[PDB]
>>> print(open('query.cif').read())   # mmCIF, C-alpha atoms and all ligand atoms
data_upload
loop_
_atom_site.label_atom_id
_atom_site.label_comp_id
_atom_site.auth_asym_id
_atom_site.auth_seq_id
_atom_site.Cartn_x
_atom_site.Cartn_y
_atom_site.Cartn_z
CA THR A 700 99.74 127.69 89.54
CA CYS A 701 101.20 124.14 89.71
CA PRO A 702 102.30 123.30 93.29
CA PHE A 703 105.76 121.88 94.09
CA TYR A 704 104.56 118.42 95.14
CA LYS A 705 103.36 117.73 91.49
CA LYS A 706 106.73 118.53 89.92
CA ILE A 707 109.51 115.97 89.46
CA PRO A 708 112.90 117.80 89.83
CA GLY A 709 115.62 117.08 87.27
CA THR A 710 113.01 116.14 84.66
CA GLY A 711 110.48 117.78 82.38
CA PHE A 712 107.78 115.75 84.18
CA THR A 713 104.63 116.38 86.18
CA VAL A 714 102.22 114.00 87.82
CA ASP A 715 98.44 114.66 87.96
CA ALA A 716 98.82 118.31 86.84
CA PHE A 717 96.21 118.96 84.18
CA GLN A 718 94.28 121.95 85.71
CA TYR A 719 97.06 124.61 85.43
CA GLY A 720 97.11 125.01 81.65
CA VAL A 721 100.54 124.82 80.09
CA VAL A 722 103.04 124.19 82.87
CA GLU A 723 106.25 126.13 82.11
CA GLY A 724 108.75 123.45 81.02
CA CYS A 725 106.88 120.11 81.11
CA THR A 726 107.65 117.67 78.23
CA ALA A 727 105.42 114.78 79.49
CA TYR A 728 102.32 114.70 81.74
CA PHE A 729 101.88 111.59 83.96
CA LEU A 730 98.39 110.46 85.10
CA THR A 731 98.37 107.95 87.98
CA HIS A 732 94.65 107.00 87.87
CA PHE A 733 91.25 107.94 86.38
CA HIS A 734 89.73 109.91 89.32
CA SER A 735 88.41 113.42 88.75
CA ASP A 736 90.59 115.42 91.21
CA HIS A 737 93.59 113.82 89.45
CA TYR A 738 92.55 114.18 85.81
CA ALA A 739 90.90 117.63 86.28
CA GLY A 740 91.73 119.58 83.16
CA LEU A 741 91.98 116.84 80.51
CA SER A 742 89.59 116.93 77.56
CA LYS A 743 89.57 116.34 73.78
CA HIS A 744 91.53 119.65 73.23
CA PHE A 745 94.68 118.42 75.01
CA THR A 746 97.75 118.10 72.72
CA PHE A 747 100.75 117.26 75.03
CA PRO A 748 101.82 113.66 75.68
CA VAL A 749 100.07 111.75 78.49
CA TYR A 750 101.79 108.74 80.08
CA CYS A 751 99.61 106.22 82.02
CA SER A 752 98.42 102.57 82.28
CA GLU A 753 96.61 100.66 79.53
CA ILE A 754 93.31 100.95 81.43
CA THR A 755 93.65 104.64 82.28
CA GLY A 756 94.33 104.87 78.52
CA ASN A 757 90.99 103.23 77.52
CA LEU A 758 89.19 105.70 79.81
CA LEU A 759 90.87 108.88 78.44
CA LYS A 760 90.13 107.70 74.89
CA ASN A 761 86.47 106.57 75.40
CA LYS A 762 85.14 108.75 78.31
CA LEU A 763 87.10 112.01 77.90
CA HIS A 764 87.69 111.74 74.11
CA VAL A 765 91.39 112.63 74.31
CA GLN A 766 92.93 111.93 70.88
CA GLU A 767 94.65 108.59 70.28
CA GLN A 768 97.98 110.25 69.28
CA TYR A 769 98.61 111.86 72.73
CA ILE A 770 97.86 108.78 74.89
CA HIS A 771 100.98 106.77 75.73
CA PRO A 772 100.07 103.61 77.64
CA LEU A 773 102.90 101.64 79.39
CA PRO A 774 102.90 98.05 80.67
CA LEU A 775 103.50 97.55 84.42
CA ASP A 776 106.60 96.05 86.00
CA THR A 777 108.64 96.97 82.93
CA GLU A 778 111.66 99.25 82.55
CA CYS A 779 110.75 101.86 79.89
CA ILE A 780 112.49 105.03 78.49
CA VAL A 781 110.48 108.28 78.26
CA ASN A 782 112.32 111.41 76.97
CA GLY A 783 115.64 109.82 78.10
CA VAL A 784 114.62 108.88 81.63
CA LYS A 785 114.09 105.29 82.86
CA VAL A 786 110.62 104.81 84.45
CA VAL A 787 108.54 101.93 85.82
CA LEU A 788 104.82 101.73 86.56
CA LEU A 789 103.70 99.57 89.48
CA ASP A 790 100.20 98.58 90.65
CA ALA A 791 98.97 101.00 93.29
CA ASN A 792 96.22 98.66 94.68
CA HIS A 793 93.79 101.62 94.45
CA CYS A 794 91.17 101.52 91.60
CA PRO A 795 91.51 99.77 88.24
CA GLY A 796 94.43 101.08 86.21
CA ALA A 797 95.88 102.99 89.18
CA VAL A 798 99.68 103.07 89.16
CA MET A 799 102.67 104.17 91.24
CA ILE A 800 105.63 105.60 89.28
CA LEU A 801 109.37 105.10 89.84
CA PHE A 802 111.65 107.70 88.24
CA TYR A 803 115.35 106.88 87.75
CA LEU A 804 117.01 110.34 87.48
CA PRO A 805 120.11 110.87 85.27
CA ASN A 806 122.05 111.95 88.39
CA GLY A 807 121.39 108.60 90.23
CA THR A 808 118.52 109.88 92.40
CA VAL A 809 115.52 107.51 92.52
CA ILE A 810 111.97 108.77 93.17
CA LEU A 811 108.70 106.97 94.00
CA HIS A 812 105.37 108.77 93.48
CA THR A 813 102.60 106.62 94.95
CA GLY A 814 99.63 108.38 93.36
CA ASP A 815 96.71 107.06 95.38
CA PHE A 816 97.45 103.65 96.97
CA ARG A 817 96.54 101.12 99.58
CA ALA A 818 99.90 99.86 100.82
CA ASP A 819 100.33 96.09 101.01
CA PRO A 820 103.09 93.72 102.13
CA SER A 821 103.17 92.32 98.57
CA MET A 822 104.68 95.61 97.39
CA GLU A 823 107.80 94.74 99.42
CA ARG A 824 108.56 92.06 96.66
CA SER A 825 108.13 94.30 93.60
CA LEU A 826 110.91 96.08 91.70
CA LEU A 827 111.02 98.42 94.69
CA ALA A 828 113.03 95.83 96.70
CA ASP A 829 115.90 96.03 94.19
CA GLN A 830 117.25 99.50 95.10
CA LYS A 831 117.21 102.55 97.24
CA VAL A 832 114.62 105.34 97.09
CA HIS A 833 115.71 108.86 97.96
CA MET A 834 112.32 110.74 97.66
CA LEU A 835 108.80 109.45 98.38
CA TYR A 836 105.79 111.42 97.18
CA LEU A 837 103.16 109.84 99.46
CA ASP A 838 99.36 109.47 99.56
CA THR A 839 98.76 110.67 103.12
CA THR A 840 94.93 110.53 103.06
CA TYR A 841 94.71 108.55 106.34
CA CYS A 842 97.96 109.60 108.01
CA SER A 843 96.72 109.62 111.59
CA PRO A 844 96.42 106.77 114.12
CA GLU A 845 92.68 107.00 114.63
CA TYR A 846 92.22 105.81 111.00
CA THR A 847 91.69 102.07 111.32
CA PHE A 848 89.59 99.89 109.04
CA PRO A 849 89.24 96.21 108.17
CA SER A 850 90.72 94.39 105.19
CA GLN A 851 88.87 94.41 101.89
CA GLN A 852 88.41 90.62 102.26
CA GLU A 853 86.58 91.07 105.63
CA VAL A 854 84.25 93.79 104.27
CA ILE A 855 83.35 91.67 101.22
CA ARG A 856 82.57 88.67 103.46
CA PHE A 857 80.21 90.86 105.49
CA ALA A 858 78.45 92.16 102.37
CA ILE A 859 78.08 88.70 100.71
CA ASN A 860 76.54 87.13 103.84
CA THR A 861 74.26 90.10 104.56
CA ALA A 862 72.89 90.03 100.99
CA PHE A 863 72.58 86.27 100.65
CA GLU A 864 70.68 86.00 103.92
CA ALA A 865 68.16 88.82 103.20
CA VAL A 866 67.41 87.50 99.70
CA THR A 867 67.05 83.88 100.82
CA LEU A 868 64.46 85.12 103.40
CA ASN A 869 62.69 87.36 100.87
CA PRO A 870 63.14 86.53 97.15
CA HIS A 871 61.20 89.74 96.30
CA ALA A 872 63.93 91.91 97.92
CA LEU A 873 66.18 94.06 95.70
CA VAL A 874 69.84 94.88 96.39
CA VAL A 875 71.10 98.34 95.39
CA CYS A 876 74.74 99.58 95.37
CA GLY A 877 76.04 103.17 95.16
CA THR A 878 78.82 104.38 92.82
CA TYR A 879 80.35 107.75 91.68
CA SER A 880 83.77 106.88 90.32
CA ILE A 881 85.70 103.82 89.28
CA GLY A 882 87.08 101.59 92.05
CA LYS A 883 85.34 99.30 94.54
CA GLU A 884 83.84 97.14 91.80
CA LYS A 885 84.35 94.07 94.03
CA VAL A 886 81.43 95.07 96.27
CA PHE A 887 78.72 94.83 93.64
CA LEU A 888 80.34 91.97 91.67
CA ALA A 889 80.86 89.68 94.69
CA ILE A 890 77.26 90.33 95.81
CA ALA A 891 76.00 89.54 92.29
CA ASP A 892 78.03 86.35 92.17
CA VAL A 893 76.58 84.95 95.43
CA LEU A 894 73.04 85.68 94.16
CA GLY A 895 73.44 84.27 90.62
CA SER A 896 72.49 87.61 89.05
CA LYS A 897 74.24 90.01 86.72
CA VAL A 898 74.62 93.59 87.78
CA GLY A 899 72.34 96.10 86.19
CA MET A 900 73.41 99.69 85.46
CA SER A 901 72.98 102.68 83.13
CA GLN A 902 74.58 102.86 79.69
CA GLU A 903 77.20 105.47 80.85
CA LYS A 904 78.26 103.09 83.66
CA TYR A 905 78.33 99.91 81.50
CA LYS A 906 80.60 101.84 79.12
CA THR A 907 82.94 102.78 81.97
CA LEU A 908 83.16 99.14 83.18
CA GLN A 909 83.80 97.96 79.57
CA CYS A 910 87.13 99.95 79.68
CA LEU A 911 88.66 98.03 82.57
CA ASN A 912 89.96 94.69 81.13
CA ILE A 913 87.97 92.73 83.71
CA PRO A 914 88.01 89.04 82.69
CA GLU A 915 84.68 87.50 81.66
CA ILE A 916 83.01 90.95 82.17
CA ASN A 917 80.29 90.27 79.56
CA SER A 918 79.10 87.42 81.82
CA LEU A 919 78.84 89.72 84.90
CA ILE A 920 77.08 93.00 83.89
CA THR A 921 74.14 94.36 81.88
CA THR A 922 72.00 97.36 80.89
CA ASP A 923 68.78 95.31 81.26
CA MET A 924 67.58 96.34 84.73
CA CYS A 925 64.64 93.94 84.71
CA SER A 926 66.70 90.73 84.34
CA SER A 927 69.04 91.76 87.20
CA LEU A 928 68.46 91.68 90.99
CA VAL A 929 71.57 93.74 91.92
CA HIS A 930 71.30 97.33 90.71
CA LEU A 931 73.95 100.09 90.64
CA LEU A 932 72.82 103.68 91.17
CA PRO A 933 74.57 107.03 91.47
CA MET A 934 75.71 107.33 95.06
CA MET A 935 73.62 110.56 95.46
CA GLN A 936 70.47 108.49 95.01
CA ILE A 937 71.35 106.15 98.04
CA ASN A 938 68.91 107.61 100.58
CA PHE A 939 65.29 106.77 101.55
CA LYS A 940 63.70 109.24 99.02
CA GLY A 941 65.92 108.08 96.12
CA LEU A 942 65.41 104.36 96.74
CA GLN A 943 61.61 104.66 97.30
CA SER A 944 61.62 106.48 93.97
CA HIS A 945 63.59 103.65 92.34
CA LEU A 946 61.35 100.93 93.88
CA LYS A 947 58.35 102.58 92.21
CA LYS A 948 60.22 102.30 88.88
CA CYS A 949 60.59 98.48 89.03
CA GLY A 950 56.85 97.85 88.51
CA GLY A 951 55.69 95.71 91.46
CA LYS A 952 58.62 93.28 91.00
CA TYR A 953 60.15 93.88 94.49
CA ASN A 954 58.78 94.91 97.97
CA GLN A 955 62.09 95.48 99.89
CA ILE A 956 65.43 97.20 99.11
CA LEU A 957 68.71 96.41 100.78
CA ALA A 958 71.43 98.90 99.93
CA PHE A 959 75.17 99.40 100.42
CA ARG A 960 77.05 102.76 100.57
CA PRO A 961 80.80 102.14 100.30
CA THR A 962 82.04 104.92 102.53
CA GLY A 963 85.71 105.63 103.25
CA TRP A 964 86.41 105.95 106.98
CA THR A 965 83.56 106.92 109.35
CA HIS A 966 83.98 107.79 113.15
CA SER A 967 81.95 104.63 114.01
CA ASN A 968 85.24 102.67 113.20
CA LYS A 969 86.73 103.93 116.52
CA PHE A 970 84.07 102.02 118.56
CA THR A 971 82.64 99.13 116.50
CA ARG A 972 83.79 95.98 114.58
CA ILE A 973 82.71 94.93 111.02
CA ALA A 974 80.62 92.03 112.42
CA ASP A 975 78.67 94.48 114.62
CA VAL A 976 77.59 97.01 111.89
CA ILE A 977 73.89 97.94 111.63
CA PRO A 978 71.86 99.71 108.94
CA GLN A 979 69.68 102.78 108.85
CA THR A 980 66.06 101.56 108.31
CA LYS A 981 62.81 103.28 107.23
CA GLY A 982 60.05 100.83 106.33
CA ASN A 983 60.99 98.29 103.62
CA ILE A 984 64.35 100.11 102.97
CA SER A 985 67.66 99.43 104.80
CA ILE A 986 70.99 101.12 104.00
CA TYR A 987 74.39 99.84 105.17
CA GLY A 988 77.47 102.01 105.08
CA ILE A 989 80.51 99.75 104.74
CA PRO A 990 84.13 100.88 105.15
CA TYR A 991 85.71 99.58 101.95
CA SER A 992 88.91 101.67 101.60
CA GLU A 993 91.15 101.90 98.52
CA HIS A 994 93.68 104.01 100.59
CA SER A 995 96.24 102.86 103.25
CA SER A 996 95.20 102.70 106.87
CA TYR A 997 97.68 104.46 109.27
CA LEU A 998 99.43 101.12 110.12
CA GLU A 999 99.67 99.90 106.53
CA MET A 1000 101.17 103.24 105.53
CA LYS A 1001 103.62 103.21 108.47
CA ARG A 1002 104.76 99.66 107.71
CA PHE A 1003 105.39 100.48 104.03
CA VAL A 1004 107.36 103.65 104.77
CA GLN A 1005 109.41 101.90 107.51
CA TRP A 1006 110.31 99.09 105.05
CA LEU A 1007 111.08 101.57 102.21
CA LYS A 1008 113.26 103.86 104.40
CA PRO A 1009 113.22 106.93 102.12
CA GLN A 1010 115.53 109.97 102.77
CA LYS A 1011 112.78 112.59 102.24
CA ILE A 1012 108.97 112.31 102.38
CA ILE A 1013 106.73 114.77 100.51
CA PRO A 1014 102.94 114.43 101.23
CA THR A 1015 100.32 114.87 98.49
CA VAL A 1016 97.09 114.83 100.55
CA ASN A 1017 95.96 116.98 103.51
CA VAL A 1018 98.60 119.60 102.59
CA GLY A 1019 96.41 122.71 102.84
CA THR A 1020 96.57 123.49 106.58
CA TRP A 1021 99.60 124.12 108.80
CA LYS A 1022 98.10 121.86 111.44
CA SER A 1023 97.89 118.90 108.94
CA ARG A 1024 101.44 119.43 107.61
CA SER A 1025 102.81 119.68 111.13
CA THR A 1026 101.02 116.59 112.37
CA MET A 1027 102.25 114.53 109.40
CA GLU A 1028 105.93 115.56 109.94
CA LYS A 1029 105.67 114.37 113.59
CA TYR A 1030 104.51 110.91 112.49
CA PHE A 1031 107.26 110.80 109.84
CA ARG A 1032 109.90 111.58 112.57
CA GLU A 1033 108.46 108.99 114.99
CA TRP A 1034 108.62 106.37 112.22
CA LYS A 1035 112.19 107.21 111.30
CA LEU A 1036 113.35 107.11 114.96
CA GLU A 1037 111.60 103.83 115.76
CA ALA A 1038 113.13 102.09 112.71
CA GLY A 1039 116.68 103.60 112.69
CA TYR A 1040 116.90 105.05 109.10
NI NI B 1 91.92 108.18 93.81
#
>>> encode(input="query.cif", output="C-alpha cells")
Amino acid sequence: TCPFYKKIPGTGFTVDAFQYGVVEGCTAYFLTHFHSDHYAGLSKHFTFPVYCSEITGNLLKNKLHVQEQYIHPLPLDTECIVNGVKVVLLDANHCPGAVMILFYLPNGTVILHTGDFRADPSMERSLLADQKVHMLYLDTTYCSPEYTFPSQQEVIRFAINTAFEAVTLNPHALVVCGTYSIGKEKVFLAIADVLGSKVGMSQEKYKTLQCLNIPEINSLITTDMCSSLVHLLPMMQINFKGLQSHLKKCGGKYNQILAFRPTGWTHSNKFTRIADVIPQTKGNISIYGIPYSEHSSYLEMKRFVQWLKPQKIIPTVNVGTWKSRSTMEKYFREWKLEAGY
C-alpha cells in the first residue's frame, strides 16, 4: 500500500507511486526521473495522467511504450496549472530529465519534493529563493557525515587524464565503461572526447541515449563497435571474466583493457583522495572504481537545508529501519539549532 511520504496532502497528487495499483483518490501521478525504483509499475497498460519532464516523457513513450495521450510533459522553471494547483519543475542535478517539484497548495502551504538530487549552491538562485517552503520531502541517500566524495569536475579530470595517458602509451589499449541506468553520461563522453573517438554501445543503449536531448549527440555515439575505441557495457560485465570475454570478441584489434566502474560511495573515501586511487589488475586488464555521485554529499545536503529553512522535513530514502530514521532526525535537529530556524 502507498506509503505516506509519496502522498501530497491537500491534493489528489502522488510522486513516484506506480507500484501500488490504483491509489485511492489520486487524480495525477508525478514521476521525478526515469530510474527503475521510481517508475516501478508503469507500462503500456497505464491509463491515468503522468506529469514529468520532456526527457522523462521521451523515455516513457519510447522505452516503456506508455501511450502518448497519458504523458504530460512540462517545461522547467515555469509556473503551470495542473488540476487547479500551481506547480513548478526544477532541475534536480541528478540524471537527465530528473526534476524537483514545487507544489503551491490552495491553503497557502508550499511544498518541495526533491526526488533524487545532488544539491548545489546554484539552486539557491532558482525560483526557490522567491518564497518560503513549509514541507521538504528530501532525498536522504547520504545523510550521514562519513559520506564525503569529490566534485563531479574532479572525478572527470581524473578519468580523462588516466585514459589519455594509458592510450598514448599503448594505442592498442581499449577503454570500457559500465552502465545500468541513465545518468553519469559525462564519464564516457568526456573520455571519448579526449581520445577523438565516438562511444560504441548496443542498440538498446543507443536508443536510450537518443531520448535525452543531448546537443550534437549524433556526433558523439554509435552502434558500430569496431570504429570506436571507448565501449559501453552492462555494469554486470565489468569484471575480469566479462572483459576477457569482450576482448576475445574484438578480433585481435586490442591487447589491453582499461575500465571504469562508476560506483556511488565506497568506504575507501574515508581514507584516500581522488588523486591517490588505484585499480584492480589481472594481466592486461585494469578496473578503476570512481566515485561519481548524482546524490548530495552530507555537507551539500546540510548546506541546502540550512539555506532553505523548512518547517518540517520528511525523508524519502533510508526510511525502513528505526535506527536510520532516528539518526536522520538527530542531524535535522543539529542543523536547525546551528542555523536558528
Ligand atoms: Ni535516481
>>> residues_around(input="query.cif", residues="residue 949 of chain A", least_positions_apart="4", cutoff="10 Å", atoms="all atoms listed in the file", output="number ranges by chain")
A: 873, 924-925, 944-945, 953-954
>>> closest_residue(input="query.cif", among="A:911, A:822, A:916, A:810", to="residue 755 of chain A", atoms="all atoms listed in the file")
A:911
>>> atom_distance(input="query.cif", atom1="atom CA of residue 722 of chain A", atom2="atom CA of residue 706 of chain A")
9.8 Å
>>> atom_distance(input="query.cif", atom1="atom CA of residue 845 of chain A", atom2="atom CA of residue 794 of chain A")
23.7 Å
>>> closest_residue(input="query.cif", among="A:816, A:846, A:1021, A:1034", to="ligand NI 1 (chain B)", atoms="only C-alpha atoms and all ligand atoms")
A:816
>>> residues_near_ligand(input="query.cif", ligand="ligand NI 1 (chain B)", cutoff="7 Å", atoms="all atoms listed in the file", output="count of residues only")
4
>>> residues_near_point(input="query.cif", point="(103.7, 102.0, 101.7)", cutoff="12 Å", atoms="all atoms listed in the file", output="ChimeraX atom specification")
/A:791-792,799,811-823,827,835-839,842,994-1009,1012
>>> write_last_selection(input="query.cif", atoms="C-alpha atoms", output="mmCIF file, keeping the file's coordinate frame")
data_model
loop_
_atom_site.group_PDB
_atom_site.id
_atom_site.type_symbol
_atom_site.label_atom_id
_atom_site.label_comp_id
_atom_site.auth_asym_id
_atom_site.auth_seq_id
_atom_site.Cartn_x
_atom_site.Cartn_y
_atom_site.Cartn_z
ATOM 1 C CA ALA A 791 98.970 101.000 93.290
ATOM 2 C CA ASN A 792 96.220 98.660 94.680
ATOM 3 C CA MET A 799 102.670 104.170 91.240
ATOM 4 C CA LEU A 811 108.700 106.970 94.000
ATOM 5 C CA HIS A 812 105.370 108.770 93.480
ATOM 6 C CA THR A 813 102.600 106.620 94.950
ATOM 7 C CA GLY A 814 99.630 108.380 93.360
ATOM 8 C CA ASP A 815 96.710 107.060 95.380
ATOM 9 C CA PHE A 816 97.450 103.650 96.970
ATOM 10 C CA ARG A 817 96.540 101.120 99.580
ATOM 11 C CA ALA A 818 99.900 99.860 100.820
ATOM 12 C CA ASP A 819 100.330 96.090 101.010
ATOM 13 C CA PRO A 820 103.090 93.720 102.130
ATOM 14 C CA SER A 821 103.170 92.320 98.570
ATOM 15 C CA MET A 822 104.680 95.610 97.390
ATOM 16 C CA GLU A 823 107.800 94.740 99.420
ATOM 17 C CA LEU A 827 111.020 98.420 94.690
ATOM 18 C CA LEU A 835 108.800 109.450 98.380
ATOM 19 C CA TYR A 836 105.790 111.420 97.180
ATOM 20 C CA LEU A 837 103.160 109.840 99.460
ATOM 21 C CA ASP A 838 99.360 109.470 99.560
ATOM 22 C CA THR A 839 98.760 110.670 103.120
ATOM 23 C CA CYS A 842 97.960 109.600 108.010
ATOM 24 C CA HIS A 994 93.680 104.010 100.590
ATOM 25 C CA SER A 995 96.240 102.860 103.250
ATOM 26 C CA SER A 996 95.200 102.700 106.870
ATOM 27 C CA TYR A 997 97.680 104.460 109.270
ATOM 28 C CA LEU A 998 99.430 101.120 110.120
ATOM 29 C CA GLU A 999 99.670 99.900 106.530
ATOM 30 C CA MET A 1000 101.170 103.240 105.530
ATOM 31 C CA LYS A 1001 103.620 103.210 108.470
ATOM 32 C CA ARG A 1002 104.760 99.660 107.710
ATOM 33 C CA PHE A 1003 105.390 100.480 104.030
ATOM 34 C CA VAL A 1004 107.360 103.650 104.770
ATOM 35 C CA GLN A 1005 109.410 101.900 107.510
ATOM 36 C CA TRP A 1006 110.310 99.090 105.050
ATOM 37 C CA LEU A 1007 111.080 101.570 102.210
ATOM 38 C CA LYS A 1008 113.260 103.860 104.400
ATOM 39 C CA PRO A 1009 113.220 106.930 102.120
ATOM 40 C CA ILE A 1012 108.970 112.310 102.380
#
>>> residues_near_point(input="query.cif", point="(80.8, 99.1, 114.4)", cutoff="12 Å", atoms="only C-alpha atoms", output="list in words")
residues 847, 848, 849, 854, 964, 965, 966, 967, 968, 969, 970, 971, 972, 973, 974, 975, 976, 977, 978, 987, 988, 989 and 990 of chain A
>>> closest_residue(input="query.cif", among="A:1027, A:910, A:889, A:826", to="residue 760 of chain A", atoms="all atoms listed in the file")
A:910
>>> atom_distance(input="query.cif", atom1="atom CA of residue 733 of chain A", atom2="atom CA of residue 890 of chain A")
24.4 Å
>>> closest_residue(input="query.cif", among="A:833, A:840, A:931, A:940", to="residue 1010 of chain A", atoms="all atoms listed in the file")
A:833
>>> closest_residue(input="query.cif", among="A:830, A:909, A:943, A:985", to="residue 959 of chain A", atoms="all atoms listed in the file")
A:985
>>> residues_around(input="query.cif", residues="residue 731 of chain A", least_positions_apart="3", cutoff="8 Å", atoms="all atoms listed in the file", output="PDB file with C-alpha atoms, in the coordinates of the input")
ATOM      1  CA  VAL A 714     102.220 114.000  87.820  1.00  0.00           C
ATOM      2  CA  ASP A 715      98.440 114.660  87.960  1.00  0.00           C
ATOM      3  CA  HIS A 737      93.590 113.820  89.450  1.00  0.00           C
ATOM      4  CA  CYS A 751      99.610 106.220  82.020  1.00  0.00           C
ATOM      5  CA  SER A 752      98.420 102.570  82.280  1.00  0.00           C
ATOM      6  CA  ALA A 797      95.880 102.990  89.180  1.00  0.00           C
ATOM      7  CA  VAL A 798      99.680 103.070  89.160  1.00  0.00           C
ATOM      8  CA  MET A 799     102.670 104.170  91.240  1.00  0.00           C
ATOM      9  CA  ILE A 800     105.630 105.600  89.280  1.00  0.00           C
ATOM     10  CA  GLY A 814      99.630 108.380  93.360  1.00  0.00           C
ATOM     11  CA  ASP A 815      96.710 107.060  95.380  1.00  0.00           C
TER      12      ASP A 815
END
>>> build_atoms(input="query.cif", residues="segment 796-812 of chain A", atoms="N, CA, C and O atoms", output="mmCIF file, keeping the file's coordinate frame")
data_model
loop_
_atom_site.group_PDB
_atom_site.id
_atom_site.type_symbol
_atom_site.label_atom_id
_atom_site.label_comp_id
_atom_site.auth_asym_id
_atom_site.auth_seq_id
_atom_site.Cartn_x
_atom_site.Cartn_y
_atom_site.Cartn_z
ATOM 1 N N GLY A 796 93.468 100.260 86.933
ATOM 2 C CA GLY A 796 94.430 101.080 86.210
ATOM 3 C C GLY A 796 95.322 102.010 87.018
ATOM 4 O O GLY A 796 96.182 102.692 86.427
ATOM 5 N N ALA A 797 95.118 102.065 88.335
ATOM 6 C CA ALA A 797 95.880 102.990 89.180
ATOM 7 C C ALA A 797 97.301 102.492 89.341
ATOM 8 O O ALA A 797 97.505 101.314 89.642
ATOM 9 N N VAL A 798 98.258 103.393 89.079
ATOM 10 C CA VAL A 798 99.680 103.070 89.160
ATOM 11 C C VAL A 798 100.471 103.990 90.131
ATOM 12 O O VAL A 798 100.108 105.162 90.367
ATOM 13 N N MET A 799 101.533 103.416 90.689
ATOM 14 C CA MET A 799 102.670 104.170 91.240
ATOM 15 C C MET A 799 103.738 104.285 90.162
ATOM 16 O O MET A 799 103.856 103.399 89.279
ATOM 17 N N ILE A 800 104.552 105.338 90.259
ATOM 18 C CA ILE A 800 105.630 105.600 89.280
ATOM 19 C C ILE A 800 106.991 105.778 89.931
ATOM 20 O O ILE A 800 107.165 106.611 90.840
ATOM 21 N N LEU A 801 107.953 104.994 89.444
ATOM 22 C CA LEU A 801 109.370 105.100 89.840
ATOM 23 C C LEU A 801 110.088 105.871 88.778
ATOM 24 O O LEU A 801 109.985 105.489 87.614
ATOM 25 N N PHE A 802 110.805 106.929 89.163
ATOM 26 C CA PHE A 802 111.650 107.700 88.240
ATOM 27 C C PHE A 802 113.115 107.459 88.627
ATOM 28 O O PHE A 802 113.503 107.650 89.801
ATOM 29 N N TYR A 803 113.896 107.026 87.645
ATOM 30 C CA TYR A 803 115.350 106.880 87.750
ATOM 31 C C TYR A 803 116.068 108.101 87.141
ATOM 32 O O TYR A 803 116.271 108.169 85.937
ATOM 33 N N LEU A 804 116.456 109.068 87.979
ATOM 34 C CA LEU A 804 117.010 110.340 87.480
ATOM 35 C C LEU A 804 118.412 110.161 86.921
ATOM 36 O O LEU A 804 119.174 109.327 87.462
ATOM 37 N N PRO A 805 118.778 110.952 85.860
ATOM 38 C CA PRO A 805 120.110 110.870 85.270
ATOM 39 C C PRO A 805 121.236 110.955 86.300
ATOM 40 O O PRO A 805 122.209 110.208 86.200
ATOM 41 N N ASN A 806 121.063 111.804 87.312
ATOM 42 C CA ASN A 806 122.050 111.950 88.390
ATOM 43 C C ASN A 806 122.173 110.784 89.422
ATOM 44 O O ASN A 806 123.001 110.867 90.333
ATOM 45 N N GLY A 807 121.354 109.734 89.300
ATOM 46 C CA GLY A 807 121.390 108.600 90.230
ATOM 47 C C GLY A 807 120.362 108.650 91.369
ATOM 48 O O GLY A 807 120.227 107.688 92.145
ATOM 49 N N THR A 808 119.658 109.774 91.490
ATOM 50 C CA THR A 808 118.520 109.880 92.400
ATOM 51 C C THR A 808 117.386 109.000 91.867
ATOM 52 O O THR A 808 117.183 108.893 90.648
ATOM 53 N N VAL A 809 116.654 108.393 92.800
ATOM 54 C CA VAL A 809 115.520 107.510 92.520
ATOM 55 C C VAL A 809 114.318 108.012 93.306
ATOM 56 O O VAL A 809 114.423 108.269 94.530
ATOM 57 N N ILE A 810 113.190 108.150 92.599
ATOM 58 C CA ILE A 810 111.970 108.770 93.170
ATOM 59 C C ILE A 810 110.769 107.866 93.007
ATOM 60 O O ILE A 810 110.568 107.337 91.918
ATOM 61 N N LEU A 811 109.997 107.672 94.082
ATOM 62 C CA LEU A 811 108.700 106.970 94.000
ATOM 63 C C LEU A 811 107.548 107.916 94.266
ATOM 64 O O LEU A 811 107.494 108.534 95.319
ATOM 65 N N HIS A 812 106.624 108.011 93.310
ATOM 66 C CA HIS A 812 105.370 108.770 93.480
ATOM 67 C C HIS A 812 104.238 107.744 93.591
ATOM 68 O O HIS A 812 103.965 107.025 92.644
#
